[PDB]
Amino acid sequence: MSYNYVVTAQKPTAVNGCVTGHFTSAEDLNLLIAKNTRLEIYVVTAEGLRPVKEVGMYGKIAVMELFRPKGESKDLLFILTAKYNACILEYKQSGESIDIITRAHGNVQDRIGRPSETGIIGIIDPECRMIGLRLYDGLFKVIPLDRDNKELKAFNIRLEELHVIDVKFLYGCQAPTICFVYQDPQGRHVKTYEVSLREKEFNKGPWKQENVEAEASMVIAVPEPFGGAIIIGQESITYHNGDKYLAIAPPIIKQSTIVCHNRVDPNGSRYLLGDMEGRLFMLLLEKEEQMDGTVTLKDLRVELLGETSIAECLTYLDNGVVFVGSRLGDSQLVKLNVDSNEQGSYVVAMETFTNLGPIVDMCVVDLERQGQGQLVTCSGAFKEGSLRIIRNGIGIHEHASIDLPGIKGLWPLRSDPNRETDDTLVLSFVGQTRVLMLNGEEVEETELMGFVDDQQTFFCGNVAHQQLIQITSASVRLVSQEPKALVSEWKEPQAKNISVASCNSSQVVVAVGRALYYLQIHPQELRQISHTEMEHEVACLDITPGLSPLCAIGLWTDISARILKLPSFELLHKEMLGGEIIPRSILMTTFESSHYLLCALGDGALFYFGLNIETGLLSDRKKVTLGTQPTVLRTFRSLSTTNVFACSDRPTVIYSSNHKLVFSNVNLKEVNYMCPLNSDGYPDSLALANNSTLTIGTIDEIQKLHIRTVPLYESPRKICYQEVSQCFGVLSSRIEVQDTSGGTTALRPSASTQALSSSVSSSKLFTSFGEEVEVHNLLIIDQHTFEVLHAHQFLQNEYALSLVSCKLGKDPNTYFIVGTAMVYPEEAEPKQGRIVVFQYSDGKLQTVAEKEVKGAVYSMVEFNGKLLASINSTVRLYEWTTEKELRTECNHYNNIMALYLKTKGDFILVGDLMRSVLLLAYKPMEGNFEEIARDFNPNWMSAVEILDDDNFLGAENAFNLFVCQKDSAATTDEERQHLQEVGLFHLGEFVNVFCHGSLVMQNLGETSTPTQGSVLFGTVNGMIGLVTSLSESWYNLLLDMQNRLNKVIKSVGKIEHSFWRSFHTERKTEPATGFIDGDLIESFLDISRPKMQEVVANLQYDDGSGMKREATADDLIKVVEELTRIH
Amino acid sequence: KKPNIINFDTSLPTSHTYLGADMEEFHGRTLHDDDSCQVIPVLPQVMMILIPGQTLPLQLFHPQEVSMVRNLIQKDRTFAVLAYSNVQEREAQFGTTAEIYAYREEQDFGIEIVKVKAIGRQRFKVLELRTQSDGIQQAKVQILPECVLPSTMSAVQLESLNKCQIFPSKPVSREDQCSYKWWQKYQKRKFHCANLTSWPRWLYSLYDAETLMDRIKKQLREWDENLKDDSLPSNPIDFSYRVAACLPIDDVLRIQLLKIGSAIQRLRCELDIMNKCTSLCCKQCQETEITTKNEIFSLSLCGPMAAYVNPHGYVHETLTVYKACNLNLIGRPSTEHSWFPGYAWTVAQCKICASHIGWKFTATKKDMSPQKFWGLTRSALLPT
Ligand SMILES: N#Cc1ccc(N2CCN(Cc3ccc(COc4cccc5c4CN([C@H]4CCC(=O)NC4=O)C5=O)cc3)CC2)c(F)c1
Ligand SMILES: [Zn+2]
């Protein structure tokens, strides 16, 4: 009884693996990057990375490798899923179609066995004879590689050493040889085995066990001709080849441990290394020894190249370019030049790819445009900590700017031989018309020979029959094309002022006062076509198609929209367009291959209507609030077919996708007037003129997602937004080394040490040299410039957990409430905390209140003007007294630590890390808490959210989502006190934070939406989700359509959707219930016509009376398109 | 307070030599499929919460019970013990299955008295208690599953820093400055992914099996001198069960610990209980001090507390103490059926109500703890 719909609004960005090789073709060099469920195939070129293919796989890529067996032209890709869905894939392209064919597929899990503590290890024999997987302790799984092994049958081998740290295949062995480091109570040892496929067991290794360093961490296999293995630990780098043995103890690597590597030479002469703090090392192997043709090591000099992002997976691209794959920072593309050496660093950055993960906390705030939300996250960690500001809209990439003091209309003109190019544009000033002709990048003004100078021109375009028509306020004028001289001047019969002018390719309609005149363009002649009159003044007129069947006219004195036959005088149709104000601009467009009448009134409302091209007009009534200013509708050709730009205080681009007009905002403050300008210098551009300056630039394809970075150089923990102060309060932490002077020196310039004003907490309510100590800060950041306006430093040994910005009690002021806990290394459970209430005013931060609590304030919320706190395992309620001091009101003692607190009305949801969901209600007539229900189940819970008063969403172990509801209508107490669980889903992501909101325009739309509510969640990988509620019939229809989609869509690796989405746990797995996979439903639009015909045969689409068993195909389009607008 | 010389060879009490020497044993263990519904006979005349892994001596005299044991051994070797609540008369909803491993049937006194020792194996919740006319009711039992949780960092783990998740062995053993400094870096390196989540590292250390087991071991070693890995298992399930068995707590708290299905929750509850428990008092009095939290040690591998049988078949859970308070002795120290091979028990009584709180075990030979061994049972013993 939940019927939820979950979709991904932003695909994950964190990278957890990258390989290079000849994947698409034997000659091309590709970079395959796995972010989580997505596999991206790029092509490495001299300029950089050219994306080629994006593929979504039904799983999380835990292991990916490129191998080329014998008799193959290009490398194949072997991918293992965290659910043990092993597969082998092949790239296949035929001219324009890109498809990845699955060479083999199969689940390789075991019925019984504990997964290894070190994790999944997947290795391939360099001779391409076997695939070795270490999934379970004491069991080595081997998959033979033969063309007939299309089901991936694997056999297990018993391993006597249970704890294997790292294992890899050696190079240069006649038989498949593995080399690994294992742990014993006697210490750490390196051992080798000779795996034999024929008898399916191990053998004696080429070289016996050798004792290694106590912290031997990683094993790298040196290829031919050197052979052997290199063992890297915390304080030494060793090379082992049997008789050969060497070790080094360089001091530059003692600071941090190496966690990643990547070979840079085919012969393994040099190696690339990276550590935890993110600095590039260069292991150097010397081949100076050559006795009788044998090549052996001589030295292992280690050189530090520079500092980069915190890198998880290095990969050296061609010609001194390294792709630094970061997961907690930002992916980079840097240069390893050996001649720059600007200050001792060998590395300079080229590129930087966006990476929103990890998303520790987020908030939804209306920063710029009222009604549309914006996402502000706390991304990154350590030196990569930063604030990402996400927004939804079409991004106009600026190309040039010029100065114009409030232009009142722009129009390109053609005064050149026919070449389908734009040479000059006339800008209508306040009283004049300054033709700013610019063949290239000019800015001067060159008046047209056939156009007036100071007449406030209404329209100026290129008419048919080789002429340019420039209708001005006084009278409509024309200019010849080749002669370029005024040949015809269509003076008004009454010589009045042209109020509203409408011009077309070959017909011009001019409104003088309340009268309308129609004229037809003739070669070197202005022959009037018809004359007529109107009862009311013509507020707006527009004629669009050679010959317009009808002309749309607005009434100034009646506030109604009519369509009348241009070759005649009798109106074809009419309607009352609201009547609130006079219409501002009405246009006819064919955006969706139909006849649409977009009329915009002066109040900012578009009274959208549907008309008929042949005769008459339909109604198709629609009203959309496009802004608060009279928009100037102007279709710009730099689009799919026509598009429309409603230039107003809230600019929007009106484009038809699936016969349903989307209205996406633009990244501009306000546009006074816009016009296409396809200049030769800037083809397919668009000139938009604002209230101060006029810019020229292009636009994005459709409805992108834009991210703005604010680096802080320290880890941000929590973020809250304060409306009245126009500020963001963010908690942060920096690592400071413990020097031998009693102080704490920092490591790099952080945001807290670069603030305008700084403060240090001073309260009195209560080591080793080199140790790293956390220093916690509260940063106040302006919402416009995103500069750190303030930074408050807490006491020593104080850890700040929570942060709420809210107003308490009857106090008009809004405060920052922070809950901290004094933590010491000696003790495990904190015994004392602190509730501190700050108030940011006049750019100065002051401590309004300060309470001492005995425990750790794990979370706080705002409960109807009362601060609700969670001290250890107790939930307490605090009342804001008139003297600005928190006073306790009620307590409720639990047996679980209240890590999570969510309120909706008077329903408190209390959660912990043991998935022990608890529910509470606050009786206000009595003033004490009382428990309604309870649902305990041993598992790990990451986050929890209140979907509504009846259902609750949570994130569980193994990247799962669950939905629990209480049956308040149950007649038995035991059922009322228990929360029935009626939803399961395998998301594949670790959700940290849940928040209510949406990133699309909030429009009631009278009929509303098929989805109720909206919840966004952010994950560690940096993926933004969106979950909504659905109706019963809608859920049933979507489930049936999903089942039929499963049989038509061919997934990569042939992983079944039900198995992938099945609720997964180390102990017990169940099929998914109560959740609809929005990705699969939205994938319905990307398949061809016959596939969509196959999907729908008997869905019984209609539910509002009747069944309509045919169900058509475009009805599902009208369904999926309405489901796509929610994100 | 007798340190250093603890010479007892603390393994004989775990063998129960008082219950006969040539006791026939059985080869091994048995398995019951999880979440499966079984019929298991229930031997009466036992009222005690048996935590899994705890040995239970038993003497049976009545012909019905002896026959039940005989035909039980010829078909499986499993019976059921119900964890009776505070209310008597079969007011039980949870229980455990004891496994026979030592058996002998004996003919003296003209009876077929049977001596049997059995240890708990699984945990169950009884569905219905159907009574058989023979006298040995069989209970309709559902096997309660054992839940083991993976590392809290496994979900949010960084793929790169997996290889640094295999920590080296602890330095030396039970030595200062080799634990605090080791534990600090262990916490720093294990929970390094806690920055990806929204919680600090110490919060995740509060839910770590290793850290809680270390804290419990430290506090136990504070109580009595443990011999490092003195039979204390590395498996969190087994360690939790052993600690719950050896804790000096009452019946309701034992039932609460039994209800818990995860090791980590059990360890947290055990830590809370033995941090909040300092004294043990006389149940018939609730006013007299007999023991404390620090004057507690172990001459048995099962810890300070273990189950023994008097020659009349009644089962007593006994706690060993250096020095008791507010106790009086009656009768000469005799050693006819002493559970401890070398001591002569003297019955101990409350000095106020004269309730059987336990026994005083005077020594016999001189090269052992000189008459300082209080074996107080749980008949009248509650936390205070
Ligand atoms: N139906 C039937 C039926 C048939 C036969 C029965 N037989 C009757 C005769 N019994 C022999 C006998 C009786 C009496 C004693 C004295 O010892 C006693 C007495 C009472 C309580 C306790 C002890 C010792 N003791 C603890 C002290 C601490 C320690 O270390 N160990 C202990 O044992 C006690 O708590 C010794 C032997 C044998 C049984 C029968 F009783 C029922
Ligand atoms: Zn007493």
# chains A, B, ... in the order shown; residues from 1 in each chain; ligands from 1
>>> residues_near_ligand(ligand="ligand 2", cutoff="7 Å", atoms="only C-alpha atoms and all ligand atoms", output="list in words")
residues 282, 283, 284, 285, 288, 350, 351, 352, 353, 354 and 355 of chain B
>>> write_last_selection(atoms="N, CA, C and O atoms", output="PDB file, in the first residue's frame")
ATOM      1  N   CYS B 282      21.047  -9.655  49.038  1.00  0.00           N
ATOM      2  CA  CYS B 282      20.253 -10.815  49.430  1.00  0.00           C
ATOM      3  C   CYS B 282      18.813 -10.621  48.968  1.00  0.00           C
ATOM      4  O   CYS B 282      18.167  -9.633  49.332  1.00  0.00           O
ATOM      5  N   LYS B 283      18.312 -11.561  48.160  1.00  0.00           N
ATOM      6  CA  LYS B 283      16.959 -11.432  47.626  1.00  0.00           C
ATOM      7  C   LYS B 283      15.919 -11.465  48.738  1.00  0.00           C
ATOM      8  O   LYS B 283      14.947 -10.703  48.713  1.00  0.00           O
ATOM      9  N   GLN B 284      16.105 -12.345  49.723  1.00  0.00           N
ATOM     10  CA  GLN B 284      15.193 -12.411  50.857  1.00  0.00           C
ATOM     11  C   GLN B 284      15.285 -11.189  51.758  1.00  0.00           C
ATOM     12  O   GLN B 284      14.419 -11.011  52.621  1.00  0.00           O
ATOM     13  N   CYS B 285      16.304 -10.352  51.583  1.00  0.00           N
ATOM     14  CA  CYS B 285      16.487  -9.161  52.400  1.00  0.00           C
ATOM     15  C   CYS B 285      16.349  -7.876  51.602  1.00  0.00           C
ATOM     16  O   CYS B 285      15.600  -6.980  52.009  1.00  0.00           O
ATOM     17  N   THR B 288      20.994  -6.103  52.617  1.00  0.00           N
ATOM     18  CA  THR B 288      22.271  -6.538  53.167  1.00  0.00           C
ATOM     19  C   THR B 288      23.323  -6.607  52.069  1.00  0.00           C
ATOM     20  O   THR B 288      23.042  -7.051  50.952  1.00  0.00           O
ATOM     21  N   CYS B 350      22.682 -16.173  55.499  1.00  0.00           N
ATOM     22  CA  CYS B 350      22.553 -14.756  55.811  1.00  0.00           C
ATOM     23  C   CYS B 350      22.512 -14.561  57.322  1.00  0.00           C
ATOM     24  O   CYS B 350      21.880 -15.329  58.051  1.00  0.00           O
ATOM     25  N   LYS B 351      23.199 -13.522  57.799  1.00  0.00           N
ATOM     26  CA  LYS B 351      23.214 -13.261  59.233  1.00  0.00           C
ATOM     27  C   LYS B 351      21.913 -12.646  59.734  1.00  0.00           C
ATOM     28  O   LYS B 351      21.753 -12.485  60.949  1.00  0.00           O
ATOM     29  N   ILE B 352      20.981 -12.320  58.842  1.00  0.00           N
ATOM     30  CA  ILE B 352      19.737 -11.673  59.238  1.00  0.00           C
ATOM     31  C   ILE B 352      18.577 -12.634  59.016  1.00  0.00           C
ATOM     32  O   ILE B 352      17.907 -13.047  59.968  1.00  0.00           O
ATOM     33  N   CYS B 353      18.340 -13.010  57.759  1.00  0.00           N
ATOM     34  CA  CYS B 353      17.226 -13.891  57.435  1.00  0.00           C
ATOM     35  C   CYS B 353      17.595 -15.368  57.453  1.00  0.00           C
ATOM     36  O   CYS B 353      16.688 -16.208  57.430  1.00  0.00           O
ATOM     37  N   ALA B 354      18.884 -15.706  57.496  1.00  0.00           N
ATOM     38  CA  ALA B 354      19.350 -17.092  57.448  1.00  0.00           C
ATOM     39  C   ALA B 354      18.836 -17.806  56.195  1.00  0.00           C
ATOM     40  O   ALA B 354      18.210 -18.867  56.257  1.00  0.00           O
ATOM     41  N   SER B 355      19.118 -17.199  55.047  1.00  0.00           N
ATOM     42  CA  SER B 355      18.816 -17.789  53.753  1.00  0.00           C
ATOM     43  C   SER B 355      20.080 -18.402  53.166  1.00  0.00           C
ATOM     44  O   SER B 355      21.196 -17.948  53.434  1.00  0.00           O
TER      45      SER B 355
END
>>> select_by_dssp(residues="stretch 901-977 of chain A", states="strand (DSSP E or B)", output="PyMOL selection string")
chain A and resi 901-904+907-911+917-922+929-935+943-946+951-956+960-966
>>> write_last_selection(atoms="C-alpha atoms", output="PDB file, in the first residue's frame")
ATOM      1  CA  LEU A 901      15.138  12.606  14.255  1.00  0.00           C
ATOM      2  CA  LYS A 902      12.430  13.537  11.750  1.00  0.00           C
ATOM      3  CA  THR A 903       9.205  15.394  12.538  1.00  0.00           C
ATOM      4  CA  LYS A 904       5.999  15.878  10.537  1.00  0.00           C
ATOM      5  CA  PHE A 907       4.884  12.592  14.763  1.00  0.00           C
ATOM      6  CA  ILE A 908       8.528  12.160  15.756  1.00  0.00           C
ATOM      7  CA  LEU A 909      10.568   9.448  14.048  1.00  0.00           C
ATOM      8  CA  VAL A 910      13.583   8.249  16.040  1.00  0.00           C
ATOM      9  CA  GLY A 911      16.219   6.047  14.440  1.00  0.00           C
ATOM     10  CA  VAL A 917      13.004   2.391  13.806  1.00  0.00           C
ATOM     11  CA  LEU A 918      10.924   3.918  16.600  1.00  0.00           C
ATOM     12  CA  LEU A 919       7.893   6.205  16.373  1.00  0.00           C
ATOM     13  CA  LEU A 920       6.695   8.780  18.907  1.00  0.00           C
ATOM     14  CA  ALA A 921       3.835  11.229  19.292  1.00  0.00           C
ATOM     15  CA  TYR A 922       3.736  14.411  21.359  1.00  0.00           C
ATOM     16  CA  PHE A 929       5.874  11.697  24.558  1.00  0.00           C
ATOM     17  CA  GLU A 930       4.175   8.380  23.924  1.00  0.00           C
ATOM     18  CA  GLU A 931       5.176   5.595  21.558  1.00  0.00           C
ATOM     19  CA  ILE A 932       2.800   4.661  18.745  1.00  0.00           C
ATOM     20  CA  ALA A 933       4.707   1.886  16.983  1.00  0.00           C
ATOM     21  CA  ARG A 934       8.088   0.176  16.780  1.00  0.00           C
ATOM     22  CA  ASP A 935       9.923  -1.916  14.181  1.00  0.00           C
ATOM     23  CA  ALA A 943      19.177   7.483   6.689  1.00  0.00           C
ATOM     24  CA  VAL A 944      15.436   7.758   7.313  1.00  0.00           C
ATOM     25  CA  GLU A 945      12.695  10.124   6.147  1.00  0.00           C
ATOM     26  CA  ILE A 946       8.986  10.698   6.782  1.00  0.00           C
ATOM     27  CA  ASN A 951       4.594   5.800   5.426  1.00  0.00           C
ATOM     28  CA  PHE A 952       8.304   6.137   6.178  1.00  0.00           C
ATOM     29  CA  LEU A 953      11.315   5.614   3.919  1.00  0.00           C
ATOM     30  CA  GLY A 954      14.727   4.400   5.003  1.00  0.00           C
ATOM     31  CA  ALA A 955      18.081   3.296   3.659  1.00  0.00           C
ATOM     32  CA  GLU A 956      19.317  -0.072   4.899  1.00  0.00           C
ATOM     33  CA  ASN A 960      18.788  -0.931  -0.055  1.00  0.00           C
ATOM     34  CA  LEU A 961      15.677   1.178   0.421  1.00  0.00           C
ATOM     35  CA  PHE A 962      12.715   0.084   2.520  1.00  0.00           C
ATOM     36  CA  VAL A 963       9.264   1.521   3.180  1.00  0.00           C
ATOM     37  CA  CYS A 964       7.433   0.872   6.460  1.00  0.00           C
ATOM     38  CA  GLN A 965       3.877   1.904   7.317  1.00  0.00           C
ATOM     39  CA  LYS A 966       1.652   1.627  10.383  1.00  0.00           C
TER      40      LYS A 966
END
>>> residues_near_ligand(ligand="ligand 1", cutoff="7 Å", atoms="only C-alpha atoms and all ligand atoms", output="PyMOL selection string")
chain B and resi 61-62+109+309-312+336-340+345+359
>>> write_last_selection(atoms="C-alpha atoms", output="PDB file, in the first residue's frame")
ATOM      1  CA  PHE B  61      15.824 -40.144  39.569  1.00  0.00           C
ATOM      2  CA  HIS B  62      12.188 -40.433  38.494  1.00  0.00           C
ATOM      3  CA  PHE B 109      19.706 -47.723  45.660  1.00  0.00           C
ATOM      4  CA  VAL B 309      24.351 -30.037  40.915  1.00  0.00           C
ATOM      5  CA  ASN B 310      23.894 -31.030  44.531  1.00  0.00           C
ATOM      6  CA  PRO B 311      23.500 -34.793  45.140  1.00  0.00           C
ATOM      7  CA  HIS B 312      19.712 -34.246  45.149  1.00  0.00           C
ATOM      8  CA  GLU B 336      31.789 -35.503  50.328  1.00  0.00           C
ATOM      9  CA  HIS B 337      30.490 -34.055  47.046  1.00  0.00           C
ATOM     10  CA  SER B 338      32.544 -30.908  46.493  1.00  0.00           C
ATOM     11  CA  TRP B 339      32.511 -29.577  42.934  1.00  0.00           C
ATOM     12  CA  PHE B 340      36.040 -28.220  43.507  1.00  0.00           C
ATOM     13  CA  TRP B 345      32.557 -26.736  51.542  1.00  0.00           C
ATOM     14  CA  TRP B 359      28.914 -21.928  50.676  1.00  0.00           C
TER      15      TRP B 359
END
>>> atom_distance(atom1="atom CA of residue A:835", atom2="atom CA of residue A:821")
8.9 Å
>>> closest_atom_pairs(of="chain A", to="chain B", cutoff="8 Å", atoms="only C-alpha atoms", output="Markdown table")
| residue | atom | partner | partner_atom | distance |
| --- | --- | --- | --- | --- |
| A:16 | CA | B:159 | CA | 6.9 |
| A:117 | CA | B:165 | CA | 7.5 |
| A:118 | CA | B:162 | CA | 5.3 |
| A:119 | CA | B:162 | CA | 6.6 |
| A:163 | CA | B:166 | CA | 7.9 |
| A:165 | CA | B:163 | CA | 5.6 |
| A:166 | CA | B:163 | CA | 6.7 |
| A:183 | CA | B:168 | CA | 7.8 |
| A:185 | CA | B:169 | CA | 6.5 |
| A:187 | CA | B:168 | CA | 7.5 |
| A:214 | CA | B:168 | CA | 7.2 |
| A:215 | CA | B:168 | CA | 7.4 |
| A:217 | CA | B:163 | CA | 6.0 |
| A:218 | CA | B:163 | CA | 7.0 |
| A:259 | CA | B:160 | CA | 6.0 |
| A:260 | CA | B:160 | CA | 6.7 |
| A:312 | CA | B:160 | CA | 5.7 |
| A:313 | CA | B:160 | CA | 7.5 |
| A:328 | CA | B:196 | CA | 7.7 |
| A:358 | CA | B:196 | CA | 5.6 |
| A:359 | CA | B:196 | CA | 7.7 |
| A:360 | CA | B:198 | CA | 5.5 |
| A:361 | CA | B:198 | CA | 7.5 |
| A:381 | CA | B:195 | CA | 6.8 |
| A:717 | CA | B:198 | CA | 6.7 |
| A:801 | CA | B:199 | CA | 7.6 |
| A:825 | CA | B:184 | CA | 7.5 |
| A:828 | CA | B:202 | CA | 7.0 |
| A:829 | CA | B:206 | CA | 7.3 |
| A:938 | CA | B:262 | CA | 6.5 |
| A:939 | CA | B:149 | CA | 6.9 |
| A:940 | CA | B:152 | CA | 7.0 |
| A:957 | CA | B:155 | CA | 6.7 |
| A:958 | CA | B:155 | CA | 6.0 |
| A:959 | CA | B:155 | CA | 7.0 |
| A:990 | CA | B:156 | CA | 6.7 |
| A:992 | CA | B:197 | CA | 6.2 |
| A:1020 | CA | B:196 | CA | 6.3 |
| A:1066 | CA | B:150 | CA | 7.9 |
| A:1067 | CA | B:147 | CA | 7.8 |
>>> residues_around(residues="residue A:336", least_positions_apart="4", cutoff="9 Å", atoms="only C-alpha atoms", output="VMD selection string")
chain A and resid 305 319 to 322 346 to 348
>>> atom_distance(atom1="atom CA of residue A:752", atom2="atom CA of residue A:725")
19.5 Å
>>> select_by_dssp(residues="stretch 269-363 of chain B", states="helix (DSSP H, G or I)", output="ChimeraX atom specification")
/B:269-276
>>> residues_around(residues="stretch 679-694 of chain A", least_positions_apart="5", cutoff="9 Å", atoms="only C-alpha atoms", output="MDAnalysis selection string")
chainID A and resid 399:410 421:424 438:441 636:639 647 669:674 699
>>> closest_residue(among="B:177, B:122, B:318, B:4", to="residue B:373", atoms="only C-alpha atoms")
B:318
>>> atom_distance(atom1="atom CA of residue B:258", atom2="atom CA of residue B:305")
17.0 Å
>>> residues_around(residues="stretch 476-484 of chain A", least_positions_apart="2", cutoff="8 Å", atoms="only C-alpha atoms", output="list in words")
residues 415, 416, 417, 449, 450, 451, 466, 467, 468, 469, 470, 471, 472, 473, 474, 486, 487, 488, 489, 490, 491, 492 and 524 of chain A
>>> residues_around(residues="residue B:232", least_positions_apart="2", cutoff="10 Å", atoms="only C-alpha atoms", output="PDB file with C-alpha atoms, in the first residue's frame")
ATOM      1  CA  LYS B 217      37.878  -7.775  28.248  1.00  0.00           C
ATOM      2  CA  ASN B 226      42.450 -13.142  32.821  1.00  0.00           C
ATOM      3  CA  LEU B 227      45.060 -15.227  31.001  1.00  0.00           C
ATOM      4  CA  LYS B 228      44.942 -13.303  27.719  1.00  0.00           C
ATOM      5  CA  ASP B 229      43.078 -15.706  25.415  1.00  0.00           C
ATOM      6  CA  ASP B 230      41.901 -17.804  28.376  1.00  0.00           C
ATOM      7  CA  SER B 234      37.405 -14.415  18.984  1.00  0.00           C
ATOM      8  CA  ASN B 235      33.933 -14.986  17.551  1.00  0.00           C
ATOM      9  CA  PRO B 236      31.638 -12.172  18.774  1.00  0.00           C
ATOM     10  CA  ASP B 238      30.608 -16.925  21.389  1.00  0.00           C
ATOM     11  CA  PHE B 239      32.225 -14.138  23.413  1.00  0.00           C
ATOM     12  CA  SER B 240      28.862 -12.441  23.929  1.00  0.00           C
ATOM     13  CA  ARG B 242      30.195 -16.419  27.462  1.00  0.00           C
ATOM     14  CA  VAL B 243      30.028 -12.929  28.976  1.00  0.00           C
ATOM     15  CA  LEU B 301      37.290 -21.737  32.529  1.00  0.00           C
ATOM     16  CA  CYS B 302      33.612 -20.753  32.232  1.00  0.00           C
ATOM     17  CA  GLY B 303      34.247 -17.598  34.259  1.00  0.00           C
TER      18      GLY B 303
END
>>> residues_around(residues="residue A:998", least_positions_apart="5", cutoff="9 Å", atoms="only C-alpha atoms", output="PyMOL selection string")
chain A and resi 364+372-375+1014-1016+1026+1126-1127
>>> closest_residue(among="A:923, A:1109, A:1096, A:1119", to="residue A:1081", atoms="only C-alpha atoms")
A:1119
>>> closest_residue(among="B:383, B:346, B:108, B:320", to="residue B:274", atoms="only C-alpha atoms")
B:383
>>> closest_residue(among="B:12, B:216, B:363, B:143", to="residue B:273", atoms="only C-alpha atoms")
B:216
